[PDB]
Each structure stands twice: as structure tokens, then as C-alpha cells.
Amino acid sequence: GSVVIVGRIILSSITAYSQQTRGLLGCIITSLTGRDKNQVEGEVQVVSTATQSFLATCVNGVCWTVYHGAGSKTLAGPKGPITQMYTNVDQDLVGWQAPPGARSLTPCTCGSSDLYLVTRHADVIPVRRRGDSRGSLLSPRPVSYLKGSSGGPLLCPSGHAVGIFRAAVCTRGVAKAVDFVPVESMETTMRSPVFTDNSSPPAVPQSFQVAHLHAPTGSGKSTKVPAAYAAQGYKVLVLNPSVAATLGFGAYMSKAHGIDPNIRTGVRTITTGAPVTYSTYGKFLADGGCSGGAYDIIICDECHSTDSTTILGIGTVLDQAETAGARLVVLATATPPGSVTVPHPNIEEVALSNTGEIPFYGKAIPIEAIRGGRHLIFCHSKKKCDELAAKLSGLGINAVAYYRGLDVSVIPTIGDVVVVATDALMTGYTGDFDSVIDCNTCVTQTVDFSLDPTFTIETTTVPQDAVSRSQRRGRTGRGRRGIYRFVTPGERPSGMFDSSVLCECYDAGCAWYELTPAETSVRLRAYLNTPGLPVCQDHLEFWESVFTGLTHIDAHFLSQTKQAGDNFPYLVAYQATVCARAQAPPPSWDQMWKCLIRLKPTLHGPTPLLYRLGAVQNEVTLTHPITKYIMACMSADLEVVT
């Protein structure tokens, strides 16, 4: 899909009105063709994808807008799809060369503080500047009235551009201020090189530096380059999210480059005194971060991964490495933020159709496509893994399921097999496959600041992004031919993660890694402040304030929720602690609250709700001091995107 211009906002002194130029059918066709003959006029376009509508402002002969709406998408144009000229994920800014007929606003350098925000409804909202990227609405408005206006201009009185709107600053679901991308960030972006080669590892610098390495999985980014550095005489640490990949490196390196390295995972540890160590991020955090002077170079592998341990591990390194004596951090991934999937030479891509004995996410699989050989099928849930595995087994296909919870020994490693699995596979098992068949959806978690009474953490099924598609497809075609089959050809933009991931980081810090919320904030802040990494909204003070209130948890419930191994074991266990001390029942008797089951006969009355982590069946009271505390925390300034 391409981005499509579906209207415009005309400026004149400052007033505006808007014009629509496409309906739905036109938008969709134009988005599939990427061919737009419609004449472009104005400095503000109203634009749309198949999922959202927003604005775009031309400045300096460039049409600009937000990464969180456009991603890395092309813009439909007279002669076809227009590739983006600039892609600055870190500033939430992208830009296409202005098409013929378009006008540009000029930047503002008189430096006025009385500003005017233009919306998708063509209203003109006065704004008092507060900083480089903040302004306060003179009249607070409900957040919903700014929705769809991301990308609109912030104008000084003389009509020039100060920047583009990117998000509202809410206080309890009401917008008192606005975040914008300032015109100086636009000019900085324009002077940066479009091509920047991150395929070569850099040489060790004289003083501390953070460098990026974008290279295919099996370039030797985690094998050959660590070996090269060690030859030059350095001590190198390779961090990786998979236990099975970390272990695998030990045997590979001892054969191929004659180095028997240190290995550090939770299930196994080996110290050989070698100058190269391979660790998981999680085991790295358990060992208490950087040891003063132990390493010259730290290589954070798969730094595209947006799981809490990886983010927390990488932010720890970014906070500590210099102080502990390192000269070099290398952030390594094949799929960096802003990447899209491109054709792979070694992999042949074939859409699924409706003909097939095996129904699969609305489409079908031919039994002839998986009868012999080794094939991997990605499903979104374990329930689905289980039922597809059973089907296949009943047809006499040798088929097995894999997901979080199961021992990887369900393998088999040699022989005909179909593996039906979730993304747990990515970290659990390292082999590749004659084909990958991919449902193209993922389970993820999303926070909702629902003030009912506090927040909600919802589990939802959503389309895959560009990293998911590439990483799943990349389980076939490794040094040998391969096939990838898909239910749908789409792709969400890569490199963003939800605020629940942040909440997860504080939770794990408390549950697993003996980190105070203040400590956790320091480490995440280094992650945020370092560019070229995945991006999120800055909700650190909020989440810090919330967990900071969660005191004197019951150690047995914590142990039990960690043991059962599910999400947010600290939030779950803290709610259970409050329920037990208040002598009151849990929100439900879902498996989530089984730590309270022996107390079931004696718990009665309304649940002192702290927050929603699933369905709430029981009645709730709001009188508990901890609830009162978390409600007060919601008055904090919260960026939400528009």
C-alpha cells in the first residue's frame, strides 16, 4: 500500500478551509497502484492509508509528516509510487519530495511565541510556545478533537512554519499542550546523508563510541567479527536474546575460529578465561550489568528485539559501558527501524489461495506442499498451534507444536516434520526449514489509560510489522533454497513499541533483577536517548511513579507468579498481595490469580482494584490507598499520538 492524498487544507490573514478530493474506492485503488494523477495544490495535504487519516505539510520543497502514521510507505504520484527522501524515525518525521503543483511554507526565524495550529477540520488553534518542541493550548480540548491532525503545521503569526504537530500532552484524557517536530529538526534531517553504510563493523576508536551494524543473519556479525576483534587483541562481549543461539555460538566458535569462549545463560554457564564471552541479555542483567574493566567491546546482537529484557539489557549497557572502561558498543541487527521487507534472492514467495485441504487463517494449505520435508508454520496463538498440529497428525503428517512452556526437545532436528509454532520458536530453536508458511499476524499487548479506575493492559491480535515478516521468512533460505507462503502481503511500520513494553521493563526490574524503579528509569533513559534504536513514547516518569508506590509485596506470591512464568508477575503478585491483606477476593478466578486459591474460602466482598490486567468479574471498591495512589499517578502529563 502507498500513502494517498485524499484532500487538502487551504491557508490564507490566518484562516483555513478544507477540500476533499477522493472517496474510499479511489483511495484504495490509488493506494494499490501508487499512481495518483490528481493535481496537487496547497501546502497542507490531507492524507490517508487503509488504516488511518492524517496531514502532511510541505516545507522547503518537501512534503513532511509523522513516521507513526506513514511508516516507510511510498506516496502515490503522477508517474507512480514515490519513495521517501528522508526517514527520521527518532524524530517521528518522514518526507517525500514535494510533487508538481505543491507550495511550501517557509521556516520561521523571527521567533514568535504566539503560534497557530491548523487541524484536519481546518480550525486554527492558538498555542503559546513553551520550549523547542512543546506548546500549551490556550483552551484545553478533549484529545479526540486533535485526532487525525498529526502532520499539520504549527504557524507563527506571519504564516511561516515552526514545525508539524505530532502528539497531544494529556492530563486525564484532556489536552493542555502539544508536541511538535520543529522546523530546525527538518533542516537537520535534510543535511544528513540518505545512504549511510552500516554493513561493515567499525574499527575500535580511541575514545568511547556507539556504532550500528546492519547486516544479514549469518554475515558473521556475531561470529566472524568477534573473532576479528579478539585477534586484534580485545575483550569482547556478545549479547543475544536467545538461550539456544548463545549456547550454539560456543561450539561454532571453538570449531571455526579456534576460540573456546565464555558462555552465560540461566540454564548453563561456562568460564574458560577466553577473551570472548557470549551471554543472554537476561543473564547479563542477573550478573548485575557491566563488570568494571572486563570488556573493550560490547556487541548487542538482535537490537531490533522489543522484548523487555532486551531493551533493559541494551539500556544498561548504554548507561554503563563507558564508565566500566569500554571503548565500543555495537548495535547489531539485520532489520533496523525503518526497514521494509525486500525480495530475498534465495527465497521464492507464493501467496496462499483458497484451494487446499488444510484451512489456515481464511486461506488454505495444500497437503502436497507439506507432505515431505521440513516445514515451519507460524500461528499467532498456542491454541491455534495445538489444533493445526492435531489436524496434521490426524492426516498422518508428522507434526508437532512449539510455544512458550514446552521443552524444545519436541524438535525433532532430523527427519520429516511440520513444526507449528509461535514466535517463541525465534528464541527457542535455531534450525532452518525447507519452507515457512506465515499467518502474518501477532499477539501483542497494549496499554489503555482508561481511568476505570487507572489503566488497562489488553492482549490483542494485530498485523505483523516489517521485522516480524522478515525474521519469520528468514527461517528458510539460509545458504540453501527456500519458499515462503503468506496469507496476506501487508506490513505495519517497523521499529515502534507500545507503552506496555515500558511497564514490562519496570515489572521485570522489580521481579527478576533487583532494580528500583529509579534505577530502571536511568537505564531506559539511555535507550531512549540513543538514536537508531526502536522508539516509544516517553512515559517513564509515569511508569516509575506507579511502581514506586508498590511496596512490601508478598515474596511468596512473587515467587509463585515468576514460577508460573506469565506476564507482569510483579503487577499480578502485587494485586494478589493487596487482595490478601484486605481480606478481599481477586478480580476473577482466571488462572492468573491461582496464588490466591487456598485463601478462596475466606476472601469476601468487593475487589480493591489497582488496575485491569484482564476481565474483572467481581465487584470493585476504590477505597484502598494503593488504588487512590495509582489514580493520582494518572494526573501526570501523558503523550498520546494523534
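Numbering starts at 1 and follows the sequence shown.
> Look up the CA B-factors in the entry and say which stretch, 82 to 90 or 205 to 213, has the higher mean.
Comparing 205 to 213 with 82 to 90, the higher average CA B-factor belongs to 205 to 213.
> Please compare 608 to 616 with 582 to 590 and say which has the higher mean C-alpha temperature factor in the record.
Per the PDB entry, the higher value belongs to 582 to 590.
> Would you mind finding, among 540, 424, 564, 311, the residue with the largest C-alpha temperature factor in the entry?
By C-alpha B-factor in the record, 564 ranks first.
> According to the Cα B-factor stored in this entry, which of the following is highest: 502, 358, 138, 331?
That would be 138, according to the entry.
> If you rank the chain by CA B-factor, which third does residue 131 end up in: lowest, middle or highest?
Tercile = highest for this residue's CA B-factor.
> Classify residue 268 as lowest, middle or highest third according to the C-alpha B-factor given in the PDB entry, relative to its own chain.
According to the entry, residue 268 has a C-alpha B-factor in the chain's highest third.
> Going by the recorded CA B-factors, say which third of the chain residue 354 sits in, lowest, middle or highest.
For residue 354, whose C-alpha B-factor we compare with every modelled residue in the chain, the answer is the highest third.
> Against its chain's modelled residues, does residue 66's Cα B factor rank lowest, middle or highest third?
It falls in the bottom third of the chain.
> In terms of the CA temperature factor given in the entry, to which third of its chain does residue 381 belong: lowest, middle or highest?
For residue 381, whose C-alpha B-factor we compare with every modelled residue in the chain, the answer is the middle third.
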